[PDB]
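Trainee: For reference, this is final.txt, and it has compact mmCIF, C-alpha atoms and all ligand atoms.
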# COMPACT_ATOMS: atom_id res chain seq x y z
CA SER A 1 16.39 24.54 -14.34
CA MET A 2 18.40 21.99 -12.38
CA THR A 3 18.76 18.54 -13.92
CA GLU A 4 15.87 16.22 -13.01
CA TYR A 5 15.90 12.43 -12.50
CA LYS A 6 12.78 10.25 -12.33
CA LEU A 7 13.58 7.35 -9.98
CA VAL A 8 11.24 4.44 -9.26
CA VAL A 9 11.63 2.05 -6.31
CA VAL A 10 10.34 -1.48 -7.06
CA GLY A 11 10.42 -4.87 -5.37
CA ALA A 12 8.42 -7.40 -3.42
CA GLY A 13 6.13 -6.50 -0.55
CA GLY A 14 7.78 -5.66 2.76
CA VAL A 15 11.38 -5.47 1.48
CA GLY A 16 11.75 -1.88 2.71
CA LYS A 17 11.07 0.26 -0.40
CA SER A 18 9.23 2.83 1.69
CA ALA A 19 11.69 2.61 4.58
CA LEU A 20 14.55 3.41 2.18
CA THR A 21 12.64 6.26 0.54
CA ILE A 22 11.44 7.73 3.84
CA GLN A 23 14.99 7.63 5.19
CA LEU A 24 16.16 9.69 2.22
CA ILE A 25 13.20 12.11 2.29
CA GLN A 26 12.23 12.43 5.98
CA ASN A 27 15.36 11.24 7.87
CA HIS A 28 13.64 8.66 10.08
CA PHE A 29 13.00 4.92 10.13
CA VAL A 30 9.37 3.82 9.90
CA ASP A 31 9.06 0.93 12.37
CA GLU A 32 5.39 0.23 11.72
CA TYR A 33 4.18 -1.48 8.57
CA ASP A 34 1.99 0.71 6.37
CA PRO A 35 1.80 -1.04 2.98
CA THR A 36 2.03 1.43 0.13
CA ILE A 37 -0.54 2.28 -2.53
CA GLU A 38 1.72 4.71 -4.44
CA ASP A 39 3.66 7.73 -3.24
CA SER A 40 5.72 10.42 -4.96
CA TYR A 41 8.40 12.62 -3.39
CA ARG A 42 10.67 15.42 -4.65
CA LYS A 43 14.02 16.40 -3.19
CA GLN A 44 16.98 18.46 -4.37
CA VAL A 45 20.45 17.04 -3.64
CA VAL A 46 24.07 17.51 -4.75
CA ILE A 47 25.80 14.49 -6.27
CA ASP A 48 29.47 14.70 -7.30
CA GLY A 49 29.14 18.48 -7.07
CA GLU A 50 26.15 18.81 -9.42
CA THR A 51 22.80 19.89 -8.02
CA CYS A 52 19.84 17.86 -9.16
CA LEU A 53 16.16 17.29 -8.51
CA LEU A 54 15.02 13.76 -7.65
CA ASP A 55 11.44 12.71 -8.35
CA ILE A 56 11.03 9.41 -6.51
CA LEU A 57 8.08 7.06 -7.01
CA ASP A 58 7.61 4.56 -4.17
CA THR A 59 5.52 1.66 -5.48
CA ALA A 60 3.53 -1.21 -3.97
CA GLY A 61 4.94 -4.71 -3.71
CA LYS A 62 1.74 -6.49 -4.77
CA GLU A 63 2.26 -9.16 -7.43
CA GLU A 64 -1.48 -9.38 -8.14
CA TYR A 65 -1.22 -5.85 -9.59
CA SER A 66 1.77 -6.51 -11.87
CA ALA A 67 -0.13 -5.24 -14.92
CA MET A 68 -0.39 -1.82 -13.25
CA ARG A 69 3.40 -1.46 -13.17
CA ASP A 70 3.75 -0.93 -16.95
CA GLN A 71 2.60 2.68 -16.85
CA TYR A 72 5.11 3.81 -14.24
CA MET A 73 7.86 1.79 -15.86
CA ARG A 74 7.35 3.69 -19.12
CA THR A 75 7.66 7.03 -17.28
CA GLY A 76 10.55 6.12 -14.99
CA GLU A 77 14.15 6.88 -15.95
CA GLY A 78 15.94 4.64 -13.42
CA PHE A 79 14.90 1.83 -11.12
CA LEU A 80 15.98 0.70 -7.68
CA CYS A 81 15.19 -3.03 -7.63
CA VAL A 82 15.01 -3.92 -3.93
CA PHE A 83 15.05 -7.30 -2.19
CA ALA A 84 15.41 -8.12 1.51
CA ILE A 85 18.24 -10.33 2.78
CA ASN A 86 15.80 -12.29 4.98
CA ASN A 87 13.30 -12.94 2.14
CA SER A 88 14.48 -15.45 -0.46
CA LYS A 89 11.32 -15.05 -2.54
CA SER A 90 12.03 -11.32 -2.84
CA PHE A 91 15.43 -12.07 -4.33
CA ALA A 92 13.89 -14.56 -6.78
CA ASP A 93 11.37 -11.84 -7.74
CA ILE A 94 14.14 -9.46 -8.91
CA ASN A 95 14.43 -11.28 -12.26
CA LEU A 96 10.75 -10.68 -12.95
CA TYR A 97 11.00 -6.93 -12.28
CA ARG A 98 14.11 -6.64 -14.45
CA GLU A 99 12.49 -8.48 -17.35
CA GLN A 100 9.27 -6.46 -17.05
CA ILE A 101 11.20 -3.17 -17.14
CA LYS A 102 13.20 -4.35 -20.17
CA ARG A 103 10.03 -5.48 -21.96
CA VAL A 104 7.86 -2.45 -21.17
CA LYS A 105 10.61 0.06 -22.01
CA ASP A 106 11.75 -2.00 -25.04
CA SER A 107 15.32 -1.31 -23.97
CA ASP A 108 18.27 -3.53 -23.09
CA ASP A 109 20.13 -1.04 -20.85
CA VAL A 110 17.64 0.80 -18.62
CA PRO A 111 19.43 2.43 -15.65
CA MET A 112 19.00 0.12 -12.65
CA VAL A 113 20.59 -0.62 -9.28
CA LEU A 114 20.12 -3.87 -7.36
CA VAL A 115 19.56 -3.16 -3.66
CA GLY A 116 19.84 -5.75 -0.89
CA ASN A 117 18.07 -4.24 2.13
CA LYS A 118 17.78 -5.12 5.86
CA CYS A 119 21.52 -5.75 6.30
CA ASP A 120 21.20 -4.83 10.00
CA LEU A 121 19.33 -8.06 10.71
CA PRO A 122 20.95 -10.66 12.99
CA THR A 123 20.16 -13.54 10.58
CA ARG A 124 19.46 -13.85 6.86
CA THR A 125 18.38 -16.26 4.12
CA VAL A 126 19.82 -14.73 0.91
CA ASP A 127 23.38 -15.47 -0.21
CA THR A 128 24.67 -12.05 -1.25
CA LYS A 129 27.28 -13.71 -3.49
CA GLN A 130 24.34 -14.62 -5.73
CA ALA A 131 23.30 -10.95 -5.69
CA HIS A 132 26.74 -9.89 -6.96
CA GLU A 133 26.50 -12.48 -9.73
CA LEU A 134 22.99 -11.41 -10.72
CA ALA A 135 23.97 -7.75 -10.87
CA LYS A 136 26.95 -8.66 -13.05
CA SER A 137 24.72 -10.62 -15.44
CA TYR A 138 22.63 -7.44 -15.83
CA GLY A 139 25.60 -5.04 -15.97
CA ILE A 140 24.32 -3.03 -12.99
CA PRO A 141 25.59 -2.11 -9.50
CA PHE A 142 24.67 -4.05 -6.35
CA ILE A 143 24.36 -2.02 -3.14
CA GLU A 144 23.72 -3.33 0.39
CA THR A 145 21.52 -1.16 2.62
CA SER A 146 19.79 -0.92 5.96
CA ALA A 147 16.92 1.56 6.14
CA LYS A 148 16.94 0.94 9.91
CA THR A 149 20.48 2.29 10.47
CA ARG A 150 20.59 4.39 7.23
CA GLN A 151 23.66 2.43 6.02
CA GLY A 152 23.95 2.66 2.23
CA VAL A 153 20.68 4.58 1.71
CA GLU A 154 22.21 7.67 0.10
CA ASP A 155 24.63 5.42 -1.81
CA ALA A 156 21.79 3.40 -3.37
CA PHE A 157 19.90 6.45 -4.65
CA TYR A 158 22.99 8.42 -5.69
CA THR A 159 24.40 5.39 -7.54
CA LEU A 160 21.18 5.15 -9.55
CA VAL A 161 21.54 8.85 -10.44
CA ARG A 162 25.09 8.14 -11.65
CA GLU A 163 23.74 5.30 -13.81
CA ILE A 164 21.22 7.65 -15.41
CA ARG A 165 23.94 10.28 -15.94
CA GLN A 166 26.11 7.74 -17.72
CA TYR A 167 23.18 6.65 -19.87
CA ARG A 168 22.54 10.23 -20.99
CA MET A 169 26.26 10.60 -21.92
CA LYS A 170 26.30 7.37 -23.98
CA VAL B 1 -32.15 -12.06 11.71
CA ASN B 2 -29.62 -9.79 10.04
CA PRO B 3 -28.82 -6.57 11.93
CA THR B 4 -28.84 -3.17 10.27
CA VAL B 5 -26.34 -0.53 11.41
CA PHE B 6 -25.79 3.08 10.39
CA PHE B 7 -23.00 5.64 10.12
CA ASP B 8 -23.65 9.38 10.11
CA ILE B 9 -20.86 10.75 7.88
CA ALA B 10 -19.36 14.21 8.37
CA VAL B 11 -17.04 16.32 6.21
CA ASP B 12 -14.74 18.55 8.31
CA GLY B 13 -17.35 18.26 11.07
CA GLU B 14 -20.33 19.20 8.89
CA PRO B 15 -23.01 16.51 8.40
CA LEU B 16 -23.12 14.87 4.98
CA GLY B 17 -25.64 12.06 5.40
CA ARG B 18 -26.50 8.66 6.78
CA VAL B 19 -25.36 5.32 5.33
CA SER B 20 -27.00 2.13 6.58
CA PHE B 21 -25.79 -1.44 6.09
CA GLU B 22 -27.30 -4.89 6.31
CA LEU B 23 -24.88 -7.28 8.04
CA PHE B 24 -25.10 -10.87 6.79
CA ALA B 25 -25.06 -12.64 10.15
CA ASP B 26 -26.88 -15.53 8.44
CA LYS B 27 -23.63 -16.27 6.53
CA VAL B 28 -20.76 -14.69 8.51
CA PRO B 29 -22.08 -14.42 12.07
CA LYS B 30 -18.74 -13.79 13.78
CA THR B 31 -17.67 -11.07 11.34
CA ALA B 32 -21.10 -9.42 11.36
CA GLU B 33 -21.18 -9.41 15.18
CA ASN B 34 -17.78 -7.66 15.32
CA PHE B 35 -18.95 -4.87 13.02
CA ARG B 36 -22.31 -4.58 14.80
CA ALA B 37 -20.74 -4.22 18.26
CA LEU B 38 -18.10 -1.76 17.02
CA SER B 39 -20.93 0.30 15.50
CA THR B 40 -22.88 0.48 18.78
CA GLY B 41 -19.77 1.04 20.91
CA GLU B 42 -21.13 -1.43 23.47
CA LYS B 43 -17.69 -2.86 24.35
CA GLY B 44 -16.32 0.58 25.24
CA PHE B 45 -14.63 1.24 21.89
CA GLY B 46 -15.63 1.34 18.27
CA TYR B 47 -16.13 3.35 15.11
CA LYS B 48 -17.68 6.55 16.51
CA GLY B 49 -15.37 9.46 15.78
CA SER B 50 -13.06 7.52 13.46
CA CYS B 51 -12.27 8.59 9.92
CA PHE B 52 -12.18 7.21 6.40
CA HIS B 53 -8.44 7.34 5.86
CA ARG B 54 -8.34 5.99 2.28
CA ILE B 55 -10.82 6.91 -0.46
CA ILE B 56 -9.94 5.91 -4.02
CA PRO B 57 -12.57 6.98 -6.58
CA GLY B 58 -13.63 4.11 -8.78
CA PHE B 59 -12.88 1.50 -6.12
CA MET B 60 -13.73 1.91 -2.42
CA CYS B 61 -13.79 3.94 0.80
CA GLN B 62 -11.76 2.39 3.64
CA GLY B 63 -11.98 3.20 7.34
CA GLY B 64 -12.19 1.68 10.79
CA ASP B 65 -8.87 2.52 12.47
CA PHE B 66 -10.11 3.87 15.79
CA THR B 67 -6.93 3.01 17.72
CA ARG B 68 -4.13 4.73 15.77
CA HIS B 69 -6.12 6.96 13.37
CA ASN B 70 -3.36 6.51 10.80
CA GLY B 71 -4.60 3.56 8.68
CA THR B 72 -2.47 0.98 10.52
CA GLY B 73 -4.55 0.27 13.61
CA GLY B 74 -7.90 -1.05 14.75
CA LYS B 75 -8.94 -4.04 16.84
CA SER B 76 -11.79 -6.52 17.00
CA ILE B 77 -14.16 -7.39 19.82
CA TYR B 78 -12.41 -10.78 19.95
CA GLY B 79 -8.92 -9.38 20.50
CA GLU B 80 -6.28 -7.89 18.25
CA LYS B 81 -7.07 -10.08 15.22
CA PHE B 82 -9.46 -12.83 14.15
CA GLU B 83 -9.62 -15.43 11.42
CA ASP B 84 -11.17 -15.17 7.96
CA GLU B 85 -14.59 -16.62 8.72
CA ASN B 86 -15.40 -17.80 5.17
CA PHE B 87 -15.51 -16.48 1.61
CA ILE B 88 -19.16 -17.30 0.86
CA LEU B 89 -19.95 -13.73 -0.21
CA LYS B 90 -18.23 -11.96 -3.11
CA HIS B 91 -17.34 -8.40 -4.15
CA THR B 92 -20.13 -8.14 -6.70
CA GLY B 93 -20.64 -4.39 -7.09
CA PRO B 94 -21.14 -1.04 -5.40
CA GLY B 95 -22.23 -1.10 -1.78
CA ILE B 96 -20.42 -4.27 -0.72
CA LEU B 97 -18.99 -4.07 2.81
CA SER B 98 -15.87 -6.15 3.40
CA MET B 99 -12.96 -6.51 5.83
CA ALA B 100 -9.60 -4.91 5.25
CA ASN B 101 -6.60 -6.96 6.35
CA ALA B 102 -2.83 -7.47 6.28
CA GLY B 103 -3.00 -11.00 4.87
CA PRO B 104 -4.74 -14.21 5.92
CA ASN B 105 -6.47 -14.24 9.31
CA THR B 106 -5.68 -10.64 10.34
CA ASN B 107 -9.15 -9.11 10.62
CA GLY B 108 -9.46 -6.36 13.20
CA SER B 109 -11.78 -3.41 12.69
CA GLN B 110 -10.75 -1.87 9.36
CA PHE B 111 -13.30 -2.29 6.60
CA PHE B 112 -14.07 -1.00 3.13
CA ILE B 113 -17.19 -0.05 1.19
CA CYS B 114 -16.98 -0.78 -2.53
CA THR B 115 -18.04 1.86 -5.02
CA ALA B 116 -17.62 -0.61 -7.92
CA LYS B 117 -17.29 -4.32 -8.55
CA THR B 118 -13.90 -5.44 -7.13
CA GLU B 119 -13.97 -9.14 -7.97
CA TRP B 120 -10.18 -9.61 -7.67
CA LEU B 121 -10.62 -9.17 -3.89
CA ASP B 122 -12.72 -12.36 -3.72
CA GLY B 123 -11.07 -14.93 -1.48
CA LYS B 124 -8.76 -12.36 0.10
CA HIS B 125 -11.25 -10.19 2.02
CA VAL B 126 -14.29 -11.40 3.96
CA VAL B 127 -17.49 -9.81 2.64
CA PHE B 128 -20.06 -9.44 5.39
CA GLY B 129 -22.57 -6.70 4.55
CA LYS B 130 -24.04 -4.33 1.99
CA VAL B 131 -25.23 -0.72 1.89
CA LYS B 132 -28.98 -0.43 2.36
CA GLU B 133 -29.76 3.29 2.46
CA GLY B 134 -27.43 6.14 1.59
CA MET B 135 -25.39 4.79 -1.32
CA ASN B 136 -25.57 8.38 -2.62
CA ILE B 137 -23.58 9.39 0.47
CA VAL B 138 -20.88 6.83 -0.31
CA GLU B 139 -20.76 8.11 -3.91
CA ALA B 140 -20.43 11.68 -2.59
CA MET B 141 -17.48 10.61 -0.42
CA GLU B 142 -15.38 9.89 -3.56
CA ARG B 143 -14.89 13.59 -4.28
CA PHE B 144 -12.73 13.74 -1.16
CA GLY B 145 -10.41 10.94 -2.28
CA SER B 146 -7.54 10.65 -4.73
CA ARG B 147 -5.55 8.16 -6.77
CA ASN B 148 -3.50 6.90 -3.81
CA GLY B 149 -6.37 7.30 -1.33
CA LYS B 150 -5.24 10.41 0.55
CA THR B 151 -8.31 12.44 1.46
CA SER B 152 -8.60 16.18 0.93
CA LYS B 153 -11.04 16.77 3.80
CA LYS B 154 -11.50 14.89 7.08
CA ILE B 155 -14.27 12.36 6.47
CA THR B 156 -15.55 10.99 9.77
CA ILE B 157 -18.16 8.71 11.31
CA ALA B 158 -19.73 11.42 13.47
CA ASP B 159 -22.26 8.96 14.92
CA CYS B 160 -23.09 5.29 14.46
CA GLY B 161 -25.33 2.62 15.90
CA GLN B 162 -27.84 -0.14 15.28
CA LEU B 163 -31.25 0.28 13.65
CA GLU B 164 -32.48 -3.33 13.43
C1 LIG C 201 -1.12 -0.95 -8.13
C2 LIG C 201 -1.90 0.17 -7.49
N1 LIG C 201 -2.92 -0.36 -6.58
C3 LIG C 201 -4.27 -0.60 -6.88
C4 LIG C 201 -4.89 -0.33 -8.18
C5 LIG C 201 -5.37 -1.41 -8.91
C6 LIG C 201 -5.97 -1.20 -10.15
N2 LIG C 201 -6.53 -2.25 -10.85
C7 LIG C 201 -7.04 -2.07 -12.22
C8 LIG C 201 -7.33 -3.36 -12.94
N3 LIG C 201 -8.12 -4.25 -12.10
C9 LIG C 201 -8.58 -5.41 -12.85
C10 LIG C 201 -7.26 -4.66 -11.00
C11 LIG C 201 -6.89 -3.48 -10.13
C12 LIG C 201 -6.06 0.10 -10.63
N4 LIG C 201 -5.60 1.16 -9.94
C13 LIG C 201 -5.02 0.97 -8.74
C14 LIG C 201 -4.56 2.21 -8.01
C15 LIG C 201 -5.62 3.29 -8.02
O1 LIG C 201 -3.41 2.75 -8.66
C16 LIG C 201 -2.68 3.63 -7.80
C17 LIG C 201 -4.89 -1.17 -5.76
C18 LIG C 201 -3.88 -1.30 -4.75
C19 LIG C 201 -3.89 -1.79 -3.45
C20 LIG C 201 -2.72 -1.77 -2.70
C21 LIG C 201 -1.54 -1.26 -3.26
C22 LIG C 201 -1.49 -0.77 -4.55
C23 LIG C 201 -2.67 -0.79 -5.29
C24 LIG C 201 -2.72 -2.26 -1.32
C25 LIG C 201 -1.84 -1.93 -0.34
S1 LIG C 201 -2.43 -2.44 1.18
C26 LIG C 201 -3.75 -3.23 0.39
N5 LIG C 201 -3.78 -3.06 -0.91
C27 LIG C 201 -4.77 -4.04 1.16
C28 LIG C 201 -5.40 -3.22 2.29
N6 LIG C 201 -4.75 -3.46 3.56
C29 LIG C 201 -4.59 -2.50 4.47
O2 LIG C 201 -4.90 -1.33 4.26
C30 LIG C 201 -4.02 -2.94 5.75
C31 LIG C 201 -3.19 -1.96 6.53
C32 LIG C 201 -4.54 -2.32 7.03
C33 LIG C 201 -4.74 -3.15 8.27
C34 LIG C 201 -6.87 -3.60 2.39
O3 LIG C 201 -7.26 -4.46 3.16
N7 LIG C 201 -7.74 -2.94 1.56
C35 LIG C 201 -9.18 -3.23 1.44
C36 LIG C 201 -9.47 -3.60 0.00
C37 LIG C 201 -8.96 -2.49 -0.92
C38 LIG C 201 -7.48 -2.18 -0.66
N8 LIG C 201 -7.24 -1.88 0.75
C39 LIG C 201 -7.07 -0.98 -1.47
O4 LIG C 201 -6.84 0.11 -1.02
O5 LIG C 201 -7.09 -1.28 -2.77
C40 LIG C 201 -6.94 -0.16 -3.68
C41 LIG C 201 -7.32 -0.60 -5.09
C42 LIG C 201 -7.38 0.64 -5.99
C43 LIG C 201 -8.71 -1.24 -5.05
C44 LIG C 201 -6.32 -1.62 -5.65
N1 LIG C 202 15.29 -4.49 10.33
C1 LIG C 202 14.87 -3.81 9.27
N2 LIG C 202 13.56 -3.66 9.06
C2 LIG C 202 13.28 -2.94 7.95
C3 LIG C 202 14.17 -2.38 7.06
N3 LIG C 202 13.49 -1.73 6.05
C4 LIG C 202 12.22 -1.90 6.34
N4 LIG C 202 12.03 -2.63 7.49
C5 LIG C 202 10.74 -3.00 8.10
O1 LIG C 202 10.06 -3.88 7.23
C6 LIG C 202 8.64 -3.59 7.24
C7 LIG C 202 8.19 -3.26 5.85
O2 LIG C 202 8.88 -2.06 5.43
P1 LIG C 202 8.29 -1.14 4.27
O3 LIG C 202 9.36 -0.09 3.97
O4 LIG C 202 6.89 -0.76 4.61
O5 LIG C 202 8.30 -2.16 3.09
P2 LIG C 202 7.74 -1.93 1.55
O6 LIG C 202 8.68 -2.58 0.63
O7 LIG C 202 7.56 -0.45 1.33
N5 LIG C 202 6.28 -2.72 1.57
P3 LIG C 202 5.03 -2.42 0.43
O8 LIG C 202 5.42 -3.02 -0.88
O9 LIG C 202 3.77 -3.15 0.97
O10 LIG C 202 4.77 -0.94 0.32
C8 LIG C 202 8.44 -2.49 8.28
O11 LIG C 202 8.11 -3.08 9.54
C9 LIG C 202 9.80 -1.81 8.32
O12 LIG C 202 10.06 -1.17 9.57
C10 LIG C 202 15.58 -2.55 7.30
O13 LIG C 202 16.51 -2.13 6.62
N6 LIG C 202 15.83 -3.29 8.44
MG MG C 203 5.91 0.64 0.83
Translate the structure described by the file into structure tokens.
Ligand SMILES: CCn1c(-c2cc(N3CCN(C)CC3)cnc2[C@H](C)OC)c2c3cc(ccc31)-c1csc(n1)C[C@H](NC(=O)[C@H]1C[C@@H]1C)C(=O)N1CCC[C@H](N1)C(=O)OCC(C)(C)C2
Ligand SMILES: Nc1nc2c(ncn2[C@@H]2O[C@H](COP(=O)(O)OP(=O)(O)NP(=O)(O)O)[C@@H](O)[C@H]2O)c(=O)[nH]1
Ligand SMILES: [Mg+2]

Mentor:
Amino acid sequence: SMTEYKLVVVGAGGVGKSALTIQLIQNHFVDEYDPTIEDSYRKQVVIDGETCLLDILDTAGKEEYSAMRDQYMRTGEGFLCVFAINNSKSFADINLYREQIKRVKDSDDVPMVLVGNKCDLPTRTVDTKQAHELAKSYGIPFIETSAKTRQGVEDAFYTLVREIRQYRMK
Amino acid sequence: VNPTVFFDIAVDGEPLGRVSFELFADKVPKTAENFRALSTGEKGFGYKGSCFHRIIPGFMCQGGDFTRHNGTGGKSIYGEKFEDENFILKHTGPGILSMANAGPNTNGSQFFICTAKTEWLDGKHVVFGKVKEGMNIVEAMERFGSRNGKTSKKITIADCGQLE
């Protein structure tokens, strides 16, 4: 009976989609690399005082399987689009995910949050000023995270929930 | 001449059947030798007792992680990793035996057995063998898999070795 939200985590391989999701679900940081096939998790939380049920789909970052993303994009209600701050290609790839979501869902305003992960790292290659500008061009929030330290993890997921809530109140 | 090796597959400890493989040493000698030696255990480690951690019906059965038993480990007889030997052989249909990897030149011990043609894996995974006897056993293994590969019973290599 509690309100449900279908969240989907997308982005290039190795950016930390699973590390972010596992932090939220299991409260630990996966150091090893275990590339994902597809995983689903459920968790109840309280956001701004309202209880809700998150269904989270953690997807593979495998560009050769881009055609397989359509089906989960149709089902998903909101998308965390994740890049890593030490992977410039992953930031370039964001545009492709955003355009695929817009095309597959035939919708100009799908709930989305842009996530820049690995902000604990001692060096980087992505200029986060460009991330702010990209998020503005899409009309969506930009959130910096580190799955390693847990910084911003709850904020990224809860912000996406708020975007879905606003969409439903349009 | 090409060696033949076998696995005796078990389901929660109960025997299921034997699968045998021809290893194409005439085309990928280094990759075939790794799998042969890991099947006999002659270096002091290998496939005996390890599990098939990922079974996806319609595609393949993947195994070979005898070091971590979590789908992330494994090692070769040459060290931690070795190069992609060549891509002469292709993923042409059911029964193909090919190396799993984490990108170019990262072969260790993990492998997969195709249950269908997987031609999009050509040029990314080194094919080095093919099921001889017991394809029906590989087919039977699919009932223990799932869409993301998680298995519903423990599917193990209870015994393994060389026949030819
Ligand atoms: C989009 C969903 N998806 C899919 C997929 C693809 C399709 N297509 C339909 C149309 N045709 C034309 C194209 C394909 C349909 N349905 C699905 C699945 C059932 O939908 C959930 C795959 C896949 C693979 C990975 C991630 C997501 C993935 C992945 C993640 S790590 C990987 N690959 C490579 C893997 N390395 C490892 O394990 C490393 C860690 C060790 C050391 C590896 O060496 N091997 C061996 C070869 C097979 C591969 N594992 C594997 O398991 O492939 C699964 C397969 C189903 C074959 C492909
Ligand atoms: N320093 C640091 N490392 C991270 C962070 N998030 C993930 N990693 C590391 O980056 C690697 C890949 O992480 P993972 O979450 O598996 O990435 P993914 O996006 O799920 N990859 P895939 O698309 O293949 O499933 C792992 O070694 C993981 O520990 C982070 O915030 N900081
Ligand atoms: Mg992942």

Trainee: With only C-alpha atoms considered, list every residue of chain A at most 10 Å from chain B, as a ChimeraX atom specification.

Mentor: /A:32-40,64-65

Trainee: Could you check how far CA of residue 9 in chain B sits from atom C1 of ligand LIG 201 (chain C), in Å to one decimal?

Mentor: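 Computing the Euclidean distance for CA of residue 9 in chain B and atom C1 of ligand LIG 201 (chain C) yields 28.0 Å.
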
Trainee: Do you have the atom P3 of ligand LIG 202 (chain C)-CA of residue 59 in chain A distance handy?

Mentor: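 Here the two named atoms are 7.2 Å from each other.
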
Trainee: Kindly extract all protein, DNA and RNA residues lying within 12 Å of the coordinates (24.9, -0.4, 1.3) given in the file, considering only C-alpha atoms, and supply them as an MDAnalysis selection string.

Mentor: chainID A and resid 20 82 113:120 128 141:159

Trainee: Just write the chosen residues, C-alpha atoms, as a CSV table (one decimal), in the coordinates of the input.

Mentor:
chain,number,residue,atom,x,y,z
A,20,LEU,CA,14.6,3.4,2.2
A,82,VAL,CA,15.0,-3.9,-3.9
A,113,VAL,CA,20.6,-0.6,-9.3
A,114,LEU,CA,20.1,-3.9,-7.4
A,115,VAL,CA,19.6,-3.2,-3.7
A,116,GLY,CA,19.8,-5.8,-0.9
A,117,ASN,CA,18.1,-4.2,2.1
A,118,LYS,CA,17.8,-5.1,5.9
A,119,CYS,CA,21.5,-5.8,6.3
A,120,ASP,CA,21.2,-4.8,10.0
A,128,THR,CA,24.7,-12.0,-1.2
A,141,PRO,CA,25.6,-2.1,-9.5
A,142,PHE,CA,24.7,-4.0,-6.4
A,143,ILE,CA,24.4,-2.0,-3.1
A,144,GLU,CA,23.7,-3.3,0.4
A,145,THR,CA,21.5,-1.2,2.6
A,146,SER,CA,19.8,-0.9,6.0
A,147,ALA,CA,16.9,1.6,6.1
A,148,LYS,CA,16.9,0.9,9.9
A,149,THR,CA,20.5,2.3,10.5
A,150,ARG,CA,20.6,4.4,7.2
A,151,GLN,CA,23.7,2.4,6.0
A,152,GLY,CA,24.0,2.7,2.2
A,153,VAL,CA,20.7,4.6,1.7
A,154,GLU,CA,22.2,7.7,0.1
A,155,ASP,CA,24.6,5.4,-1.8
A,156,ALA,CA,21.8,3.4,-3.4
A,157,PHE,CA,19.9,6.4,-4.6
A,158,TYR,CA,23.0,8.4,-5.7
A,159,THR,CA,24.4,5.4,-7.5

Trainee: Need to verify the contact set: residue 61 in chain A, 8 Å, all atoms listed in the file, exclusion of same-chain residues closer than 3 positions in sequence. Can you return it as a PyMOL selection string?

Mentor: chain A and resi 10-14+36

Trainee: Box for range 17-29 of chain A: with edges along x, y and z, all listed atoms inside and 4 Å added on each side, what are the centre and edge lengths in Å to one decimal, as JSON?

Mentor:
{"center_x": 12.7, "center_y": 6.3, "center_z": 4.9, "size_x": 14.9, "size_y": 20.2, "size_z": 18.5}

Trainee: Could you tell me how far CA of residue 50 in chain A lies from CA of residue 28 in chain A, in Å and to one decimal?

Mentor: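 Atom-to-atom, CA of residue 50 in chain A and CA of residue 28 in chain A are spaced 25.3 Å apart.
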
Trainee: From the options B:126, B:104, B:95, B:68, which residue's atoms come nearest to residue 138 in chain B, counting all atoms listed in the file?

Mentor: B:95

Trainee: Just checking: using only C-alpha atoms and all ligand atoms, which residue out of A:83, A:138, A:167, A:91 ends up closest to ligand LIG 202 (chain C)?

Mentor: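 Nearest candidate to ligand LIG 202 (chain C) out of A:83, A:138, A:167, A:91: A:83.
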
Trainee: Neighbours of residue 49 in chain B within 8 Å (only C-alpha atoms; same-chain residues fewer than 5 positions away dropped), as a tab-separated table (two decimals) with C-alpha atoms, in the coordinates of the input?

Mentor:
chain	number	residue	atom	x	y	z
B	66	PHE	CA	-10.11	3.87	15.79
B	156	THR	CA	-15.55	10.99	9.77
B	157	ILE	CA	-18.16	8.71	11.31
B	158	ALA	CA	-19.73	11.42	13.47
B	159	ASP	CA	-22.26	8.96	14.92

Trainee: So, counting all atoms listed in the file, which residue among A:4, A:112, A:105, A:87 is closest to residue 54 in chain A?

Mentor: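 Looking at the shortest contact to residue 54 in chain A, the residue is A:4.
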
Trainee: Pick the closest to ligand MG 203 (chain C) from A:131, A:96, A:60, A:30: which is it, counting only C-alpha atoms and all ligand atoms?

Mentor: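 Result for the nearest residue to ligand MG 203 (chain C): A:60.
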
Trainee: Which one of A:43, A:136, A:89, A:62 sits closest to ligand LIG 202 (chain C) if you count all atoms listed in the file?

Mentor: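 Using all atoms listed in the file, the shortest distance to ligand LIG 202 (chain C) belongs to A:62.
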
Trainee: Excluding residue 153 in chain B and its own-chain neighbours fewer than 2 positions away, which residues fall within 7 Å of it when counting only C-alpha atoms? Please give them as a PyMOL selection string.

Mentor: chain B and resi 11-12+144+151+155

Trainee: Find the residues around residue 94 in chain B up to 6 Å (all atoms listed in the file counted), leave out those fewer than 2 positions away in its own chain, and share them as a PyMOL selection string.

Mentor: chain B and resi 96+114-117

Trainee: Take the residues from that selection and put them in a file with C-alpha atoms, as a PDB file, in the frame of the given file.

Mentor:
ATOM      1  CA  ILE B  96     -20.420  -4.270  -0.720  1.00  0.00           C
ATOM      2  CA  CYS B 114     -16.980  -0.780  -2.530  1.00  0.00           C
ATOM      3  CA  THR B 115     -18.040   1.860  -5.020  1.00  0.00           C
ATOM      4  CA  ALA B 116     -17.620  -0.610  -7.920  1.00  0.00           C
ATOM      5  CA  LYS B 117     -17.290  -4.320  -8.550  1.00  0.00           C
TER       6      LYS B 117
END

Trainee: Restricting the calculation to only C-alpha atoms and all ligand atoms, which member of A:98, A:103, A:124, A:129 is positioned closest to ligand LIG 202 (chain C)?

Mentor: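 Once distances to ligand LIG 202 (chain C) are computed over only C-alpha atoms and all ligand atoms, the minimum belongs to A:124.
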